[PDB]
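Positions of Cβ are backbone-derived with ideal geometry, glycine not excepted, and every protein chain shown enters the neighbour counts. The numbers here are math on the coordinates, done by the rules we state, and not lab data.
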DNA sequence: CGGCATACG
DNA sequence: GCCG
Ligand SMILES: O=c1ccn([C@@H]2O[C@H](COP(=O)(O)OP(=O)(O)OP(=O)(O)O)[C@@H](O)[C@H]2O)c(=O)[nH]1
Ligand SMILES: [Cl-]
Ligand SMILES: [Mg+2]
Ligand SMILES: [Mg+2]
Ligand SMILES: [Mg+2]
Ligand code: NA
């Protein structure tokens with residue numbers, strides 16, 4: 001089992017779901033307390049289990065697996081022996097964890113804002129609604145729409161949305177294309193949002209595109225919230241429903257076609273997969289990877305890529321299709 | 001021990 | 001919390 005998640009296939013569904021879920025609770029809790037290192041280790045240990053070909057049934061099966069030391073092994077040992085890990089259950093019921101989860105789940109609220117509100121004594125969404133002078137417009141939108149944004153987006157919802165984005169993109173710039181990215185591209189059946197990547201086959205034609213797209217969607221009454229030159233938008237869309245509608249988070253990204261493979265790779269995730277791939281690139285290959293390109297800092301050159309396959313080849317990694325990037 | 005992904009809004 |  002290789003040490004980096006980008007070196008092994010990780011499918012969406014697997015054989016150690018309960019064990020990985022428990023480790024991910026500890027990872028999430030570590031993040032809420034500011035310990036990015038502990039978050040990463042628990043995430044990485046969880047992802048190792050997702051990559052295994054069969055269920056872990058005995059503690060000896062952890063021997064030799066990367067990212068399993070005393071603490072993560074103890075968690076698995078307790079789950080195997082008693083079906084529950086006391087540390088995990090203590091986190092689950094804790095007021096700190098439940099409130100930090102509630103607050104950070106809001107669009108526009110991160111760990112630092114959540115933590116400050118927690119220390120001020122706030123605990124519930126109505127606590128926040130009862131003090132709106134403390135909220136940004138973005139947080140106000142996140143809170144107004146919180147109930148709809150807490151409802152999973154379905155694959156049926158994605159198709160209807162891609163059509164309306166394509167319509168607006170077509171008027172804004174004929175020939176521009178719309179690609180579904182994020183978790184739905186990895187095969188998820190549900191999501192917290194819908195992620196799209198937009199480009200045009202003629203380098204440079206994509207400049208200035210996203211304002212033209214957003215104004216056109218806004219004119220059609222489909223935009224419940226957006227931030228407004230720019231190339232990423234984080235929006236809330238009005239999506240039709242039987243006899244009504246619901247609010248859905250939609251992310252739009254524009255990239256020049258020269259950068260499209262890097263932007264596609266970077267937007268397809270998973271989040272852990274991309275962190276691990278970028279860590280691998282820098283630490284093992286000495287190359288700097290981001291959503292725009294791959295930089296050789298010794299030669300001071302960028303690697304031209306025509307496909308995601310090119311990027312995996314230039315990093316010396318076996319190609320993984322999106323469905324196997326569910327780290 | 002140091003390191004832990006990345007840049008735009 | 002774990003790796004090198
Ligand atoms: O912290 C982050 C968040 C996101 N991303 C990159 O942005 C993509 C979209 O980020 P999303 O937050 O939309 O996640 P997701 O689509 O993978 O899953 P859902 O929760 O939406 O169902 C991710 O897949 C990843 O590529 C990062 O690189 N880092
Ligand atoms: Cl590989
Ligand atoms: Mg998404
Ligand atoms: Mg998104
Ligand atoms: Mg230390
Ligand atoms: Na948030």
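Overview of results
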read-out: Scan of the stretch A:142-199 for residues that are in contact with a helix residue (DSSP H, G or I) (Cβ under 6 Å, 6 or more places away or on another chain), farther than 21 Å from residue A:263 by Cα and within 16 Å of ligand 3 (Cβ to nearest atom), ordered by number; value: A:189
read-out: Residue that is farthest from residue A:323 (Cα to Cα) [pool: residues in the stretch A:53-70 that are surrounded by 13 or more Cβ atoms within 10 Å (Cβ to Cβ) and touching a helix residue (DSSP H, G or I) at 6+ places or on another chain (Cβ under 8 Å)]; value: A:59
read-out: Residues of the stretch A:191-212 that turn out to be assigned to a loop (DSSP other than H, G, I, E, B) and more than 16 Å from ligand 4 (Cβ to nearest atom), as a count; value: 9
read-out: Single unsatisfied condition, residue A:117 versus (1) surrounded by 12 or more Cβ atoms within 10 Å (Cβ to Cβ); (2) within 16 Å of ligand 4 (Cβ to nearest atom); value: (2)
read-out: Leading residue by the ranking (surrounded by the fewest Cβ atoms within 10 Å (Cβ to Cβ)) among those in the stretch A:197-219 that are within 14 Å of DNA strand B (Cβ to nearest atom) and under 22 Å from the mean Cα position of the chain (by Cα); value: A:210
read-out: The lone exception for residue A:223 - which of (1) out of contact with any helix residue (DSSP H, G or I) (no Cβ under 7 Å at 6 or more places or on another chain); (2) more than 21 Å from residue A:199 (Cβ to Cβ) it fails; value: (1)
read-out: Helices (runs of 4 or more DSSP H) fully within the stretch A:25-135 counting 1 or more residues that are within 16 Å of ligand 6 (Cβ to nearest atom); value: A:36-51, A:95-104, A:111-119, A:125-129
read-out: Tabulated pairs, the stretch A:275-287, first surrounded by 15 or more Cβ atoms within 10 Å (Cβ to Cβ), second in a helix (DSSP H, G or I), C-beta under 6 angstrom, 6+ apart or interchain; value: A:276/A:5; A:276/A:6; A:277/A:6; A:280/A:6; A:287/A:281
